[PDB]
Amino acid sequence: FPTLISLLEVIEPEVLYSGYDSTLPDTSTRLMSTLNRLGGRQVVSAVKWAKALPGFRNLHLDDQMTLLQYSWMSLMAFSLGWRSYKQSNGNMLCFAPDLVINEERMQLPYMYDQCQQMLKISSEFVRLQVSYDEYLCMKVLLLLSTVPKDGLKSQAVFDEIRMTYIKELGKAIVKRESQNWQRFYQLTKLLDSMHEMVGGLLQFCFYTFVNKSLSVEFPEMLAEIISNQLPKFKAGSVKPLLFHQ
């Protein structure tokens, strides 16, 4: 009174709109520019979400920053996978209600490859038939899934918070009709593979960010984050926390 799961549901940000002008044909540069700005704003929401997440603010401030910077992409990508799941059964990418990318719009030269790995995320929800509560739980667990090799400042606080939401995930499964053990295996397996698929998105992203000759614009929020997170990733100094080996 109140249950953790109903706190998750209530703190979940409303879906943001892109304001994309589709009067004239899509240019890949300007689609990516529009996405980045949508992205900035969604990250800003993610930051407010995380602050309201029970346990998060017990962490040292620097650790709050680190976690958000390390996982923003997997959060954004997972939530995208969710909107594409419920909205079009994973057939189209639902970035915003006024920016859906179907098979055609994807054929943009630069787009196709990145788009497939994003599509791979929604198909997983389709295949595993993920519920809302399962998703909400898996989403916080992504926020806590990518850490400095050197560990955090608040390691023991962290370790506990992770435990709590691991158990909250257990509850969302059980809540949803013995073999619940198997579900947990698959869900935690899905969380594991995010590292790989989000890998690629982060690759393109650093690429488009680093190579200013591309004309892909980033908002301040993302730029600050990317330019701080890039050296850390390249130096191979960050670590994924996995459930399986």
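Heads up: residue numbers just count along the shown sequence, starting at 1. Whichever C-alpha set is largest while still superposing within 1.5 Å between the two forms counts as the rigid core.
In summary, of the stretches 103 to 111 and 120 to 128, 103 to 111 shows the greater Cα distance from the shown form in 6 other deposited structures of this protein, with structures fitted on the rigid core. Relative to the shown model and aligned on the rigid core, the C-alphas in 6 other deposited structures of this protein deviate most, among 212 to 220 and 187 to 195, for 212 to 220. Where the other entries of this protein model the residues before and after it, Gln182 is kept in all of them rather than dropped from a third. Coordinates are lacking for 1 to 3 deposited residues between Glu177 and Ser178. When 66 to 74 is weighed against 205 to 213, 205 to 213 comes out higher, by mean CA B-factor as recorded in the entry. Looking at 236 to 244 and 4 to 12 together, the entry lists the larger mean B-factor for 236 to 244, computed on C-alpha atoms. Within the group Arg127, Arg83, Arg162, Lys139, the record's highest C-alpha temperature factor is found at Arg127. Of the residues listed, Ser79, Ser131, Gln117, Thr146, the entry assigns the biggest Cα temperature factor to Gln117. In the deposited entry, the Cα temperature factor of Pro25 sits in the middle third of values across the chain's modelled residues. Among the modelled residues of its chain, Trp49 has a C-alpha B-factor that falls in the lowest third, as given in the PDB entry. Compared with the other modelled residues of the chain, the Cα B-factor recorded for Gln182 ranks in the highest third.
Among all modelled residues in this chain, the alpha-carbon of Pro109 has a temperature factor (C-alpha) in the highest third. The PDB entry assigns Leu38 a C-alpha temperature factor belonging to the lowest third of its chain's modelled residues.
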